[PDB]
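Below is one structure, written out as structure tokens, with a few remarks after it.
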Amino acid sequence: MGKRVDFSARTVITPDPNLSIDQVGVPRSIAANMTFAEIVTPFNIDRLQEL
Amino acid sequence: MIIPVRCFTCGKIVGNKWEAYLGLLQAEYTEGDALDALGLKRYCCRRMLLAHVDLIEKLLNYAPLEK
Amino acid sequence: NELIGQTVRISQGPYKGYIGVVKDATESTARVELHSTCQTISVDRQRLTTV
Amino acid sequence: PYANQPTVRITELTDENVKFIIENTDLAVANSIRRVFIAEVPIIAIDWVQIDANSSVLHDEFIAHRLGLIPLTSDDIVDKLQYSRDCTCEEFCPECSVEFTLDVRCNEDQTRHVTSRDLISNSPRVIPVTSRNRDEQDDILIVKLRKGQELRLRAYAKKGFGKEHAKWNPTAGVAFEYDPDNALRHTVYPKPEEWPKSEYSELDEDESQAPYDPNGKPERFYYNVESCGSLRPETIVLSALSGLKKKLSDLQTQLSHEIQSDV
Amino acid sequence: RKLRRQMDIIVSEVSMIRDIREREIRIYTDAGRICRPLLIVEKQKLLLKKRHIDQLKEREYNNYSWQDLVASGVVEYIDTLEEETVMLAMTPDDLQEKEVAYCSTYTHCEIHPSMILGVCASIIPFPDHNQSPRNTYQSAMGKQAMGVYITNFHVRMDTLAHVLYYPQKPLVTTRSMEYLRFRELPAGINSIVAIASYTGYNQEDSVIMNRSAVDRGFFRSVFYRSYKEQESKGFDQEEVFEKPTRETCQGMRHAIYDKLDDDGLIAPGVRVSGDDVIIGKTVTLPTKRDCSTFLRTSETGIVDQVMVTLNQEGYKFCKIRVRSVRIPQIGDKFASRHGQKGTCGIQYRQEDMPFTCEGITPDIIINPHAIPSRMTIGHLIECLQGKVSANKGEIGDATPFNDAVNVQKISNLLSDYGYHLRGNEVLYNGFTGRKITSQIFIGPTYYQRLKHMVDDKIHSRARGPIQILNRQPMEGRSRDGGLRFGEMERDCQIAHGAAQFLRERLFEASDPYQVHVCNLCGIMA
Amino acid sequence: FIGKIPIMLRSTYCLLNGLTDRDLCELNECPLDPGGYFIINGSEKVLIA
Amino acid sequence: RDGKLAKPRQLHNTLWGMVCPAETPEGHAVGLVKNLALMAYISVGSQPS
Amino acid sequence: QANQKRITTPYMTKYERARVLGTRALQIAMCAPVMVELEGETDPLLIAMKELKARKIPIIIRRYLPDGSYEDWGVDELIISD
Amino acid sequence: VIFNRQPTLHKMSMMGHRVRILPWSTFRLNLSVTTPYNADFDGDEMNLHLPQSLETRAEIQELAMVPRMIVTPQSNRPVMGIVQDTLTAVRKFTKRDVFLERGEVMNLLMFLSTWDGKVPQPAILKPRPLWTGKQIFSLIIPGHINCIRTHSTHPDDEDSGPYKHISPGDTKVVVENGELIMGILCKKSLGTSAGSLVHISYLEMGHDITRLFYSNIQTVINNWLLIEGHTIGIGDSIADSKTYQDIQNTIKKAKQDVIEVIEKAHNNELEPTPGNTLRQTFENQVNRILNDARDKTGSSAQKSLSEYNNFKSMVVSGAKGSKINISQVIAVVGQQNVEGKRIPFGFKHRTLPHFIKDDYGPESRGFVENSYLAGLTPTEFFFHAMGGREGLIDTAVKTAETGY
Amino acid sequence: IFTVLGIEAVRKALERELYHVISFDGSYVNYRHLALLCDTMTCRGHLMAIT
Amino acid sequence: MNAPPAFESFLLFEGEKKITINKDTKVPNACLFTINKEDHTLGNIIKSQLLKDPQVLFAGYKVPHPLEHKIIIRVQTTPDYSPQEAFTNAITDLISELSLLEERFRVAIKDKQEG
Amino acid sequence: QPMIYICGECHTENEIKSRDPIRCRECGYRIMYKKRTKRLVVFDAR
RNA sequence: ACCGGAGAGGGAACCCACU
């Protein structure tokens with residue numbers, strides 16, 4: 001019913017009024033560790049190659 | 001531990017005032033007279049010496065690691 | 001590589017004068033564990049000068 | 001549609017502070033002057049500390065921090081130096097840095113006070129603020145040593161301004177005040193009688209605050225720039241003005257280049 | 001009572017209790033009876049006298065100690081049983097005088113009512129001006145405020161040791177701190193706080209810090225972590241400290257082992273980081289396999305000192321302590337002496353920070369919306385008395401039930417030093433320079449830095465290590481574990497109606513697996 | 001010999017009993033340390049009442 | 001612990017001057033773990049003979 | 001069921017809108033032929049959103065009734081909420 | 001990403017978010033989003049899950065995004081509201097006597113994302129151009145929204161009497177054609193209540209537009225707060241010293257009434273209330289007298305309260321605090337209760353060893369005639385600690401039942 | 001009520017008593033949820049206590 | 001470990017532009033000026049000097065995020081007058097103001113020293 | 001190779017090889033601290 | 001190919017603490 005999951009981070013929250021309600025600020029350390037899998041396509045092939 | 005070099009708020013140098021402050025307190029001077037004898041007009045700088053605890057003396061009572 | 005675990009000194013750029021230890025190294029760049037800050041940053045090998 | 005003509009008169013000049021008044025200028029201009037006073041006035045402070053030995057009870061980074069907070073007398077060398085990020089040389093040269101050395105060992109049974117007098121510079125004119133105090137006062141304490149304890153270090157002093165770190169902040173207290181009597185009423189006193197009169201106010205004891213004037217504009221900006229000891233208080237203002245002017249000139253150059261590249 | 005007050009036969013700890021309406025008279029001598037000292041009151045007068053106070057004030061020469069005071073028959077130890085059958089007075093002056101009579105039959109008086117507090121609650125300034133849950137929270141967070149926890153912290157090789165660079169005794173203090181030795185080993189710095197809404201980065205119980213003050217050393221601390229290891233355990237599997245060499249030892253991390261000395265340890269004073277070997281230990285393989293201790297991930301400190309010795313089994317034993325300074329950043333948990341906790345929300349430089357008519361910029365800015373519901377009026381009175389004390393040169397007195405100091409007296413004292421009598425000041429905006437329309441409440445207040453840094457709590461995961469029994473992600477920040485998508489999060493996703501996201505969380509993001517099952521019998525094949 | 005009983009610091013049979021602050025500093029002990037705890041396996045233990 | 005009987009956890013009137021009213025953990029040990037007042041002293045026992 | 005007997009709502013519910021968009025943008029990510037001429041945008045989710053707005057997604061939805069029957073609703077044929 | 005605070009109680013606890021990369025090492029979420037998550041930023045930790053498949057990413061985008069989750073199905077109300085500085089600053093900004101200079105209006109309009117770049121004609125053209133706070137909040141309000149709300153301090157007789165549609169107190173918030181015409185915006189206008197301005201905005205315009213409405217409100221109002229300023233201080237808690245005398249008189253007559261009720265009970269002159277015994281009817285009389293005294297002292301406190309007070313500036317806006325918090329700070333803390341009754345007799349027929357036996361007086365059973373300013377006498381401090389201990393225990397005990 | 005009036009009267013009375021505690025605080029909960037709970041608790045003809 | 005370097009506040013990266021100019025499509029003769037690695041110190045004076053020009057219909061600045069190092073200056077001028085030339089005239093008038101202020105301050109210092 | 005250590009009690013630099021009992025050649029004290037390293041340490045003053 | 005980048009690193013119990 002509940003279990004540990006990959007691709008999850010946790011840290012302390014702090015206020016920030018200078019971003020919309022749908023935005024959330026995350027540190028570069030967290031963003032540089034958690035990954036998202038993009039499928040290559042001729043549209044983004046050059047961008048992903050550079051990445 | 002030791003007196004900070006500068007006041008956290010102002011930034012005025014306070015690191016050289018501690019020994020003179022203790023010397024003045026080793027006299028008839030009160031704290032309020034010693035502080036402005038040292039030239040501390042702002043309470044930001046005054047609290048730096050007024051509330052400082054000098055723990056380096058308690059630290060020096062222990063024998064060092066080497067000789 | 002050869003540069004791995006070798007105390008380097010950033011001799012060019014914004015981090016000039018910092019002593020660190022190379023963690024990872026490539027043909028192009030190398031990650032330097034900085035002795036001063038709590039942070040490991042990557043610089044070019046042309047900017048490094050070993051001790 | 002042009003610049004206004006500001007005037008300045010000095011109300012007090014001292015090796016410790018400068019107090020003066022600026023007339024016929026904008027609130028934003030006055031605040032930016034006050035702001036460069038704290039942030040964008042380059043001075044010389046040590047940013048590279050190498051400790052060869054530290055047998056004291058204060059650890060290495062503590063000692064380095066206390067060393068970095070020590071101001072250095074840089075009145076004219078800060079203008080002729082270069083930022084280490086801009087100098088063509090390697091790690092350090094005399095053209096962009098100043099070497100410091102500190103070798104103190106306690107041997108007698110009396111506690112040894114390591115002070116800023118014990119810092120030996122390579123440049124005789126770039127030193128701590130123990131230079132001249134004749135016309136008794138102590139010097140900046142770094143650490144106290146027990147018998148047998150010692151510390152040996154070598155340090156370099158870079159050029160920086162207060163936006164990087166507070167150790168490059170040449171000023172201690174920058175008093176800023178405009179409209180001492182609440183004529184513009186930019187602030188609102190619920191009980192004006194309870195508020196003490198300002199030092200620059202011109203009012204009798206009967207009156208609590210100046211009458212409101214809807215036509216007024218902020219002028220007569222009062223400064224009291226107190227130097228920490230690195231730069232002279234009179235030259236801090238000059239360096240801040242020069243820095244703001246050169247920053248504006250650089251922005252204008254970049255804008256002109258962008259416009260001429262867009263057209 | 002006569003014998004107990006002279007300690008002839010009955011010792012002081014023994015309690016005699018006479019129940020009067022019910023005829024029992026009980027005497028208790030066993031251990032575990034909790035009791036406190038109380039003064040002795042005859043007709044309406046204390047037995048404590050000017051002569052007692054004088055001969056005890058000149059102590060260390062007349063050695064008239066508390067034991068002599070007890071022997072004089074001036075004080076007694078009263079437990080709860082005897083406290084039921086006795087009549088106390090809070091203050092002799094205010095409760096033993098001719099007036100409209102209330103009791104006129106007192107038996108004991110309290111030395112000072114502030115002694116009903118504990119140790120962590122005796123450091124609260126003006127604790128009777130706060131809501132009690134605030135005082136409880138401050139008593140809880142006083143154990144977490146970092147400071148010089150002991151004088152011999154450098155010889156003390158100890159794990160999770162926290163010391164502050166520049167501890168200060170509070171500008172305003174209770175008379176009970178000198179007995180807790182809080183002014184000798186304090187935990188906190190007398191910060192200048194401005195209770196104002198500056199930008200909005202402190203809105204929900206958060207706080208703005210002065211970046212320039214932090215650069216100058218404000219609340220800067222150093223974190224000591226110690227690592228222990230001992231060699232040994234079998235007939236031939238001998239543990240040994242050495243530098244593991246790649247061709248000899250089989251199992252090795254990508255971590256660089258050159259930082260070790262040839263005896264298997266790091267020399268003190270070497271910069272270290274996450275996944276860096278600290279103790280090179282190898283076990284003989286019946287070539288060899290290492291059991292080297294790695295530095296905890298994302299610590300990134302410096303080795304302080306390394307000690308080698310022998311445990312009680314005569315084997316080589318090593319403990320290594322690592323320094324790592326913790327510069328106050330945003331998210332670090334800060335709190336006052338009134339249960340007003342909060343994490344740093346933003347750090348502005350001195351230029352960006354508001355300022356008085358002088359150059360005084362607040363070290364700390366907290367949201368005023370934290371006072372009215374919490375009702376920490378003790379916090380406001382502390383902030384006022386701190387300014388009064390820092391201007392007068394005296395250390396402020398915040399004894400709970402002093403009754404000799406109040407807000408009106410503190411305000412009148414402050415008005416003499418050129419400030420608004422209620423502590424408010426006219427700050428100027430740090431960005432525009434325009435003076436703030438409202439006047440800002442500002443003054444020195446004793447804030448504490450708690451151990452709950454953010455660098456010790458932040459962690460992420462992307463397909464890291466896995467448990468052994470069930471192939472789910474591990475648990476814990478240290479083990480590079482994953483967060484628990486618990487039973488209530490599952491219910492919340494059901495309520496969202498995100499079935500694909502629920503399956504992604506519980507199946508692919510935790511433990512995707514394939515099994516083969518027969519079509520005839522549903523048993524695994 | 002029956003055994004060895006763990007002993008509380010700053011107790012009446014502890015080795016730090018009645019020592020002056022200078023002696024405590026010579027022994028690398030804190031004069032402000034209240035004591036009242038046991039050292040077992042090199043870890044401070046405090047008997048909660 | 002974790003018991004719904006709040007009567008033991010409550011601050012009793014007889015805690016005046018012997019147990020700190022303010023100091024207690026906020027978790028599942030409210031009122032169960034309580035510290036000691038300043039001058040509060042615990043009797044050590046002696047023979048009643 | 002036949003086209004005559006359609007009792008379900010003609011509005012594309014939020015769950016259908018989410019899942020159709022996800023499963024169509026996934027196809028676009030696997031280089032499925034786009035049904036709408038794009039103006040240089042590269043994100044498959046925005047491509048799927050544009051296809052949904054233009055009513056060109058080559059997907060139909062099978063709505064299972066509680067009794068066991070089902071209805072085949074073409075994405076082009078039912079009303080999109082947003 | 002989907003982003004939750006772990007004690008998830010409802011579907012507004014796991015909400016989608018767009019990732020913005022920021023330097024330091026803390027999660028940063030907008031302050032309106034604090035209310036659904038029940039966050040406090042007092043050391044809270046929140047854990048963040050990244051959807052991995054593009055299908056579930058799109059699913060989160062179309063289902064669980066925070067702008068789509070503004071209005072709950074639990075009580076058909078919006079969940080996010082203007083909170084904790086922005087609400088108070090909006091109350092102070094939309095007041096009638098709020099005027100903005102030309103430069104200040106440009107600075108504020110620079111923080112509007114949904115601004116057409118068109119400066120409105122100022123409410124005053126001569127002697128010198130000045131705008132009004134309502135005139136800028138009208139630009140803040142999106143589209144053409146029509147709603148009517150009432151301010152917290154709206155008098156009851158105002159609607160019945162004249163000046164109904166021309167409010168002397170600038171209450172009765174009226175928004176017409178997406179333009180704030182009159183009224184001071186408070187919790188009851190921009191909060192989480194049903195029919196609020198944000199609720200009408202969400203129901204009329206899109207969820208994205210209401211998201212932009214939050215963003216514009218918070219940015220522009222927090223940037224006007226740089227000029228206005230908002231604090232709280234020890235002077236905000238002081239009275240006129242005539243209000244102090246009035247409160248002391250009220251307390252003294254209440255104490256005399258309690259004493260004479262005790263006298264009537266002792267001389268058997270008190271008739272028990274039908275349906276109650278003598279003990280409970282005496283308790284009822286004492287509680288009635290003490291509660292009436294506390295209410296009168298509180299009302300005297302609010303009457304003495306000034307227009308410029310920060311306690312009132314917070315409570316009227318509804319951002320934080322209640323009208324009894326001011327009473328407990330200034331006039332009277334109140335009577336301490338344990339299990340609904342007065343402080344029980346822990347000792348032998350008395351409460352503390354400082355009180356005479358069988359003392360039913362207000363000071364002997366938990367009533368605190370002192371406020372948080374005058375401090376608490378040690379008996380009152382102990383009684384208040386014992387009263388707050390009950391609530392602290394309840395907070396911990398209640399969770400293990402409510403979660404189950 | 002189940003013994004005296006029957007299951008349908010039980011549903012209404014249970015709804016009233018369940019709404020009484022929620023609306024006693026002054027808070028509001030939409031009738032959707034109260035109706036659904038009282039229905040699923042009484043959809044089998046007997047008092048299906050949630051245990 | 002996420003702390004940005006202290007020099008990030010004023011140092012341009014390789015390839016970054018100190019100033020960026022974007023036309024505002026919402027209203028005519030309006031432009032957005034994005035300045036990198038500057039802050040209120042420059043934005044406030046630029047805005048104030050722009051507001052003195054009668055041919056400037058709109059002038060204001062903002063920092064999008066204090067953690068970021070950017071400032072956006074939106075200038076709208078009357079037709080026949082360009083926002084770009086308005087900005088450069090404001091800059092060249094502010095530079096003259098600062099130079100005159102320098103001259104007068106140093107003169108005041110000289111006469112204050114024994115005068 | 002040398003790996004000079006420090007006695008905790010008499011503070012005497014005494015030579016010890018690998019795989020020897022931790023012993024001080026005088027005073028018999030059994031707790032040793034290692035040394036300060038020789039490699040370069042660079043500290044910013046921030 | 002000279003080793004193949006090897007990382008998966010027990011667990012149970014209790015205690016403290018955080019929201």
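FYI, nothing fancy with the structure tokens labels: chains A, B, ... in order, residues from 1 per chain, ligands from 1 as they appear.
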
When you get a sec, could you note down which chain H residues fall within 7 Å of chain I, using only C-alpha atoms, as a list in words?
residues 18, 19, 21, 22, 23, 26 and 45 of chain H

Selection above as a file: N, CA, C and O atoms, as a compact mmCIF listing (two decimals), in the first residue's frame:
```txt
# COMPACT_ATOMS: atom_id res chain seq x y z
N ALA H 18 -6.59 14.00 -19.36
CA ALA H 18 -5.22 13.78 -18.89
C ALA H 18 -4.60 12.57 -19.56
O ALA H 18 -3.48 12.65 -20.09
N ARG H 19 -5.31 11.44 -19.58
CA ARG H 19 -4.70 10.21 -20.07
C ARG H 19 -4.52 10.22 -21.58
O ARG H 19 -3.50 9.72 -22.08
N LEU H 21 -4.01 12.90 -23.45
CA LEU H 21 -2.87 13.78 -23.70
C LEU H 21 -1.56 13.08 -23.38
O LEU H 21 -0.61 13.15 -24.17
N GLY H 22 -1.49 12.38 -22.25
CA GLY H 22 -0.27 11.68 -21.90
C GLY H 22 0.10 10.62 -22.91
O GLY H 22 1.23 10.56 -23.40
N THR H 23 -0.87 9.78 -23.28
CA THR H 23 -0.60 8.66 -24.17
C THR H 23 -0.43 9.08 -25.62
O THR H 23 0.10 8.30 -26.42
N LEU H 26 3.20 10.74 -25.55
CA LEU H 26 4.17 9.64 -25.53
C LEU H 26 4.40 9.10 -26.94
O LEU H 26 5.55 8.85 -27.33
N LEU H 45 4.41 17.14 -25.32
CA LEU H 45 3.20 17.47 -24.58
C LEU H 45 2.47 18.66 -25.20
O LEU H 45 1.24 18.64 -25.33
```

Write out as a PyMOL selection string all residues of stretch 221-460 of chain E that DSSP puts in strand (DSSP E or B) for this structure's backbone.
chain E and resi 221-230+239-241+249+265+271+277-279+281-284+288-290+293-294+302-310+316-326+333-335+341-348+355+364-366+376+396-397+424-425+428+435+440-450+459

Fewer than 4 positions away in the same chain doesn't count, so skip those; otherwise give me all residues within 8 Å of residue K:84, counting only C-alpha atoms (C1' of nucleotides), as a ChimeraX atom specification.
/D:259 /K:31,88

What's the 7 Å shell around stretch 34-41 of chain G, counting only C-alpha atoms (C1' of nucleotides), without same-chain residues fewer than 3 positions away, as a ChimeraX atom specification?
/E:34-37,115-119 /G:17-20,23-24,31

Go ahead and save the residues from that selection, with N, CA and C atoms, as a PDB file, in the first residue's frame.
```pdb
ATOM      1  N   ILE E  34      10.597  13.808  46.950  1.00  0.00           N
ATOM      2  CA  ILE E  34      11.037  15.036  46.304  1.00  0.00           C
ATOM      3  C   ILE E  34      10.642  16.218  47.178  1.00  0.00           C
ATOM      4  N   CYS E  35      11.601  17.098  47.453  1.00  0.00           N
ATOM      5  CA  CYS E  35      11.380  18.181  48.399  1.00  0.00           C
ATOM      6  C   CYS E  35      12.176  19.406  47.974  1.00  0.00           C
ATOM      7  N   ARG E  36      11.768  20.557  48.497  1.00  0.00           N
ATOM      8  CA  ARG E  36      12.398  21.830  48.190  1.00  0.00           C
ATOM      9  C   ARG E  36      12.520  22.654  49.463  1.00  0.00           C
ATOM     10  N   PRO E  37      13.532  23.519  49.550  1.00  0.00           N
ATOM     11  CA  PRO E  37      13.711  24.326  50.761  1.00  0.00           C
ATOM     12  C   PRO E  37      12.746  25.496  50.837  1.00  0.00           C
ATOM     13  N   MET E 115      12.097  29.947  41.322  1.00  0.00           N
ATOM     14  CA  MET E 115      12.709  28.639  41.499  1.00  0.00           C
ATOM     15  C   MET E 115      11.744  27.494  41.215  1.00  0.00           C
ATOM     16  N   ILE E 116      10.485  27.798  40.882  1.00  0.00           N
ATOM     17  CA  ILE E 116       9.573  26.766  40.396  1.00  0.00           C
ATOM     18  C   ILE E 116       9.909  26.326  38.985  1.00  0.00           C
ATOM     19  N   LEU E 117      10.711  27.103  38.263  1.00  0.00           N
ATOM     20  CA  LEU E 117      11.120  26.751  36.916  1.00  0.00           C
ATOM     21  C   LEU E 117      12.250  25.723  36.958  1.00  0.00           C
ATOM     22  N   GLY E 118      12.531  25.141  35.804  1.00  0.00           N
ATOM     23  CA  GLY E 118      13.577  24.146  35.664  1.00  0.00           C
ATOM     24  C   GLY E 118      14.900  24.767  35.278  1.00  0.00           C
ATOM     25  N   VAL E 119      15.634  24.076  34.414  1.00  0.00           N
ATOM     26  CA  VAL E 119      16.909  24.562  33.907  1.00  0.00           C
ATOM     27  C   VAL E 119      16.744  25.236  32.554  1.00  0.00           C
TER      28      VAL E 119
ATOM     29  N   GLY G  17       7.055  24.039  42.362  1.00  0.00           N
ATOM     30  CA  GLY G  17       8.364  24.207  42.954  1.00  0.00           C
ATOM     31  C   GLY G  17       9.223  22.966  43.001  1.00  0.00           C
ATOM     32  N   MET G  18       8.712  21.821  42.565  1.00  0.00           N
ATOM     33  CA  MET G  18       9.504  20.602  42.494  1.00  0.00           C
ATOM     34  C   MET G  18       9.679  20.068  41.082  1.00  0.00           C
ATOM     35  N   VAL G  19       8.771  20.385  40.165  1.00  0.00           N
ATOM     36  CA  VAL G  19       8.892  20.000  38.767  1.00  0.00           C
ATOM     37  C   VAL G  19       8.583  21.219  37.914  1.00  0.00           C
ATOM     38  N   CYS G  20       9.412  21.458  36.908  1.00  0.00           N
ATOM     39  CA  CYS G  20       9.239  22.621  36.053  1.00  0.00           C
ATOM     40  C   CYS G  20       7.919  22.525  35.301  1.00  0.00           C
ATOM     41  N   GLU G  23       8.753  22.973  31.198  1.00  0.00           N
ATOM     42  CA  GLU G  23       9.671  22.111  30.464  1.00  0.00           C
ATOM     43  C   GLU G  23       9.110  20.699  30.356  1.00  0.00           C
ATOM     44  N   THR G  24       8.843  20.266  29.122  1.00  0.00           N
ATOM     45  CA  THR G  24       8.392  18.918  28.796  1.00  0.00           C
ATOM     46  C   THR G  24       8.456  18.718  27.286  1.00  0.00           C
ATOM     47  N   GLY G  31       4.092  15.622  29.429  1.00  0.00           N
ATOM     48  CA  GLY G  31       3.762  15.382  30.816  1.00  0.00           C
ATOM     49  C   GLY G  31       4.316  14.107  31.408  1.00  0.00           C
TER      50      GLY G  31
END
```

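For residue E:98, the residues within 12 Å (counting only C-alpha atoms (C1' of nucleotides), excluding itself and residues fewer than 5 positions away along the chain) are residues 44, 45, 92, 93, 103 and 104 of chain E.
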
Given the selection you just returned, output its residues as a file containing C-alpha atoms, formatted as a PDB file, in the first residue's frame.
```
ATOM      1  CA  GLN E  44       4.238  36.761  61.115  1.00  0.00           C
ATOM      2  CA  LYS E  45       8.023  37.174  60.786  1.00  0.00           C
ATOM      3  CA  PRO E  92       7.337  38.127  52.860  1.00  0.00           C
ATOM      4  CA  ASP E  93       6.952  41.867  52.250  1.00  0.00           C
ATOM      5  CA  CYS E 103      -4.439  34.349  56.408  1.00  0.00           C
ATOM      6  CA  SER E 104      -2.328  35.941  59.197  1.00  0.00           C
TER       7      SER E 104
END
```

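For the atom pair formed by atom CA of residue E:473 and atom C1' of residue M:7, the distance is 15.1 Å, given to one decimal.
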
Chain A contacts to chain E at 7 Å (only C-alpha atoms) as a ChimeraX atom specification:
/A:1-12,14-17,30,33-35

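Close contacts of residue G:4, defined as residues with an atom at most 9 Å away when counting only C-alpha atoms (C1' of nucleotides), with chain neighbours fewer than 5 positions off set aside, comprise residues 397, 398, 400 and 401 of chain I.
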
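Contact shell of residue F:25 at 12 Å (only C-alpha atoms (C1' of nucleotides); same-chain neighbours under 3 positions omitted): residues 57, 58, 59, 60, 61, 62, 63 and 64 of chain B; 151, 152 and 155 of chain E; 16, 19, 20, 21, 22, 28, 29, 30, 31, 32 and 33 of chain F.
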
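Of the listed residues I:395, I:299, I:121, I:47, the one whose atoms come nearest to residue A:24 is I:47, with distances taken using only C-alpha atoms.
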
Proximity check chain E to chain L, 9 Å, nearest pairs one decimal Å, only C-alpha atoms, as a tab-separated table:
```
residue	atom	partner	partner_atom	distance
E:215	CA	L:46	CA	6.1
E:216	CA	L:46	CA	8.1
E:217	CA	L:46	CA	8.7
E:240	CA	L:19	CA	8.2
E:241	CA	L:19	CA	8.6
E:242	CA	L:18	CA	8.6
E:261	CA	L:3	CA	8.1
E:262	CA	L:1	CA	6.7
E:263	CA	L:18	CA	6.3
E:266	CA	L:37	CA	8.4
E:267	CA	L:37	CA	5.1
E:268	CA	L:36	CA	5.2
E:269	CA	L:37	CA	5.5
E:270	CA	L:37	CA	6.7
E:271	CA	L:41	CA	7.5
E:304	CA	L:36	CA	8.9
E:305	CA	L:33	CA	7.1
E:306	CA	L:34	CA	5.6
E:307	CA	L:33	CA	4.3
E:308	CA	L:32	CA	5.1
E:309	CA	L:31	CA	4.7
E:310	CA	L:22	CA	6.4
E:314	CA	L:21	CA	8.0
E:315	CA	L:21	CA	8.0
E:316	CA	L:22	CA	7.2
```

What separation in Å, quoted to one decimal, exists between atom CA of residue D:68 and atom CA of residue C:9?
20.4 Å

Just how far from atom CA of residue D:26 is atom CA of residue D:203, in Å to one decimal?
24.3 Å

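Within chain B, DSSP applied to the backbone places the following residues in helix (DSSP H, G or I): residues 18, 19, 20, 21, 22, 23, 24, 25, 31, 32, 33, 34, 35, 36, 37, 43, 44, 45, 46, 47, 48, 49, 50, 56, 57, 58, 59 and 60 of chain B.
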
Contacts from chain K to chain A, 8 Å maximum, only C-alpha atoms: show me the residue list as a PDB file with C-alpha atoms, in the first residue's frame.
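Everything below was put into iface00.pdb:
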```pdb
ATOM      1  CA  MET K   1      26.783  22.931  -0.754  1.00  0.00           C
ATOM      2  CA  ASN K   2      24.280  24.812  -2.913  1.00  0.00           C
ATOM      3  CA  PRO K  64      12.625  39.439 -10.805  1.00  0.00           C
ATOM      4  CA  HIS K  65      14.192  37.440  -7.972  1.00  0.00           C
TER       5      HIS K  65
END
```
